[PDB]
Every structure is written in structure tokens, then in C-alpha cells.
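In PDB author numbering, the protein residues as written are 1 to 124. Backbone N, C-alpha and C define an ideal beta-carbon position, used for all residues, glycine too.
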């Protein structure tokens, strides 16, 4: 036994908005427990400024790896600006060391963007 809380994982996520624009989003997450999860990364459309995402994920125990995914938090831009929002997705297992994720971000009267990517664990 060694792989205890504080596990680090790498995952990428690239999506686009109805506005017809592509945005890249990647980073890492901290695994403290199977209950709540932490997510921190940054994304932008290659054009000055940036967008820092800060919040947590949500998972459930049903199968070796199959449960809905929920993320909540706000986007802190270098412009000392924050934009609270939320989204929902699903966590499906593909390969032994590869997992698929699909979630969309939305909040109040606004457009909804779709995101698709994968995740990979660095430690056991």
C-alpha cells in the first residue's frame, strides 16, 4: 500500500462554442477520495489573456468505472474577473489506462459549449 490520497492525473479537454470558436483546456486533478474530486487547469483560444478554471468534480460508485460527471466552479481570468458557472457530463471507461469524458458548460441565459477529451493516471 502506498498510492494514497493526493494522487495526480493528467487529462486534456478540447471543445467549441456555438459561436463557432475552438478552445483548448487541459491540466491536472488531485485525487483525495472517491467522493469529491478537485480540478484545476487553464484554457484559451490563443489570443492574449487566458481562462483559469477552479472547482471540483463529482463521481459515483456503480461499476468498475461508470458514473455521471458533474463540475462546478468559476472561471478566474487574469483580468481579475470571475464568472461562476456549472456543467454536466458522463464518465465512461474505454481502455485500461484510458478513459473518455464528455461534459458541457452552461449557466443562466447563455450558450452551451461541448467538451470532449480523455484522462490518464500517472501513479497506480
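With 16 other Cβ atoms within 10 Å as the buried cut-off, status of residue i
i          : result
residue 61 : exposed
residue 93 : exposed
residue 29 : buried
Simplified DSSP assignment, three categories, for residue i
i           : result
residue 8   : strand
residue 20  : coil
residue 101 : strand
residue 119 : strand
residue 186 : In the structure as shown, the chain begins at 1 and stops at 124. Residue 186 is therefore absent and cannot be evaluated.
residue 59  : coil
Cβ neighbours of residue i in the same chain (closer than 6 Å, five flanking residues each side left out)
i           : result
residue 115 : 13, 15 and 103
residue 122 : 8
Integer Cβ distance of residue i from residue j, believed to fall under 8 Å
i          : j          : result
residue 57 : residue 44 : With 8 Å as the limit, residue 57 and residue 44 do not qualify as a contact, their Cβ atoms being about 21 Å apart.
residue 11 : residue 87 : That belief does not hold up - the Cβ atoms of residue 11 and residue 87 are roughly 15 Å apart, past 8 Å.
Sequence-distant residues of its chain with Cβ nearer than 8 Å to residue i (five each side left out)
i           : result
residue 111 : 17, 18 and 19
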